[PDB]
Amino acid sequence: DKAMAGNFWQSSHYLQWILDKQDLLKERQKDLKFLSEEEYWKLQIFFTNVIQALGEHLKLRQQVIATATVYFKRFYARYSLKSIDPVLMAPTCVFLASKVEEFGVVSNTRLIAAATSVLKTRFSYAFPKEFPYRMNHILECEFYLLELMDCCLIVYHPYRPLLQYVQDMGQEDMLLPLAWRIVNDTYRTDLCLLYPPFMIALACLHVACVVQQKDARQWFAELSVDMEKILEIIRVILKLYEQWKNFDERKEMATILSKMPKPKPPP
């Protein structure tokens, strides 16, 4: 789906959903009354993994999964985890993302079946009880997701730029698998809300070069990019791998999920 591919600089993604980091943390302070900053990041990681699991079950391509992940991050960048249960939002985001494509269709029964199966088989350490929402809840949630995102549905990602760079390097076999994999892991962070995709891509390719002891200093020099912003992104990638080392989601997530603020019922 090359639709709009060259248009990032006039896109709703760039003009509306590259957020200021300070606005983000300010709107985050409301859910930090129940959760520490670690616990909020661990949650973020968890639901990235939940959304990925759903995408794989439904045989969606990575870009569609990324868009779903991004819908989810946008919604909770503005609103509290209590406003809509993120167990309901994650499959809603996947479903919506997938209807932005014309190659294929995700049916209602198939969506619900995928959600039920993935939580039971792959996330029973966090969820004792079965997926409780029916398709009518999904359709309701869709409307609130669409409203909140201001109907901005086209989302750019670093995979396309990354391919262009590795092809340009003449190093696709050595570096693409790793770099691609690091790009996936960036969605465990806020980076896609804070930098344009090609900058995340460059950061990922740099880290891949360091892990494979490949000298790329001249290639990067020959670019015209704010390298300090790139270094910013590398540091977030390196730190994420330190939080990943020290994190046992399987042991911790049920407890962090119990601390999440809860929806107020009606009078």
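Just count from 1 along the sequence shown to find any residue number. Take the two forms, superpose them, and find the largest set of C-alpha atoms that agree within 1.5 Å; that set is the rigid core.
S.K.: With the rigid core held as the alignment frame, decide whether 146 to 154 or 100 to 108 lies farther from the shown form in 9 other deposited structures of this protein, in terms of RMS C-alpha distance.
M.R.: With the rigid core fitted, 100 to 108 is the stretch that strays more in 9 other deposited structures of this protein.
S.K.: Mind pulling up the entry and telling me whether 22 to 30 or 197 to 205 has the higher mean Cα temperature factor?
M.R.: Of 197 to 205 and 22 to 30, the stretch with the higher C-alpha B-factor average is 22 to 30.
S.K.: I need to verify one thing: averaged over C-alpha atoms only, is the B-factor higher for 171 to 179 or for 157 to 165?
M.R.: Higher mean C-alpha B-factor: 171 to 179.
S.K.: Among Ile237, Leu223, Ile65, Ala53, where is the Cα B factor highest in this entry?
M.R.: When the deposited C-alpha B-factors of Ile237, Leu223, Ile65, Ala53 are compared, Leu223 is largest.
S.K.: Please work out which residue in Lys129, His137, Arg188, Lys73 has the highest C-alpha B-factor recorded for this crystal structure.
M.R.: When the deposited C-alpha B-factors of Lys129, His137, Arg188, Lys73 are compared, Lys129 is largest.
S.K.: Sorting by Cα B-factor within the chain, modelled residues only, which third would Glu147 end up in: lowest, middle or highest?
M.R.: Middle third of the chain for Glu147's C-alpha B-factor.
S.K.: Please rank the C-alpha B-factors of the chain's modelled residues and tell me whether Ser12 sits in the lowest, middle or highest third.
M.R.: Lowest third of the chain for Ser12's C-alpha B-factor.
S.K.: When the modelled residues of the chain are sorted by Cα temperature factor, does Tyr241 land in the lowest, middle or highest third?
M.R.: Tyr241: CA B-factor falls in the middle third of its chain.
S.K.: Where does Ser36 sit by CA temperature factor within its chain: lowest, middle or highest third?
M.R.: Ranked within chain, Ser36 CA B lands in the middle tercile.
S.K.: Among the modelled residues of this chain, does the Cα B factor of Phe103 put it in the lowest, middle or highest third?
M.R.: It belongs to the highest third of the chain when residues are ordered by C-alpha B-factor.
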